[PDB]
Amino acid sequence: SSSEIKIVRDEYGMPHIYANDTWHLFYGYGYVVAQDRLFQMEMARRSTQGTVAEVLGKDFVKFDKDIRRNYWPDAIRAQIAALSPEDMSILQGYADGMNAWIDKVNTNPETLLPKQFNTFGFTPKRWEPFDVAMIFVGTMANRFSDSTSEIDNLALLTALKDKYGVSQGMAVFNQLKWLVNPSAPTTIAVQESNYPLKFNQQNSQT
């Protein structure tokens, strides 16, 4: 059968999905996720789209504003819109899978609704590819690959130059925040190779 999705869980509750095509495979993935971590994922969705204040209140307004100020929705949507059918099936199937379980949850809440929804006072809603993609964008991209303190660095350098003078200050900034350090233990050994690129370390853009 091409419409079959078998879900076998192991002795630790870990699910194994079996399916013919792409859409069905990730449908089953989303389905088991909805069963295991619905409350976790819902709050993760709100954390990555900045809608926590909707259910938790005023203490999270600032958090919401900051999340929204750090990404651009049109951009994310356009990327999704550019996905080939096969790639789209990933996001679409995952969303659909979650929706199948969420529909059963809201159909029989007295037995299937995770207690946290009851405690926090709301019910879960349907997911779309955007939502699924945003989980990754927000908990991986925007949070582990979005690091910079360049403005602070310039303030430090500016202070060091005022205290020690121009050349000495520059040289001290290269002492506290060196660009590279040849004694740094590296994952790749020097016998293998080295990075060919050299960089300006005098803030010459000024």
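Residue indices: 1-based, along the sequence shown.
The stretch with the higher mean CA B factor, choosing between 140 to 148 and 34 to 42, is 140 to 148.
Per the PDB record, residue ranking by Cα B-factor puts residue 89 in the middle third of the chain. Residue 183: CA B factor in the lowest third of modelled residues in this chain (values from the PDB entry). In the deposited entry, the Cα temperature factor of residue 97 places it in the lowest third of its chain's modelled residues.
In the PDB entry, a CA B factor belonging to the middle third of its chain's modelled residues is recorded for residue 70. Residue 113: CA B factor in the highest third of modelled residues in this chain (values from the PDB entry).
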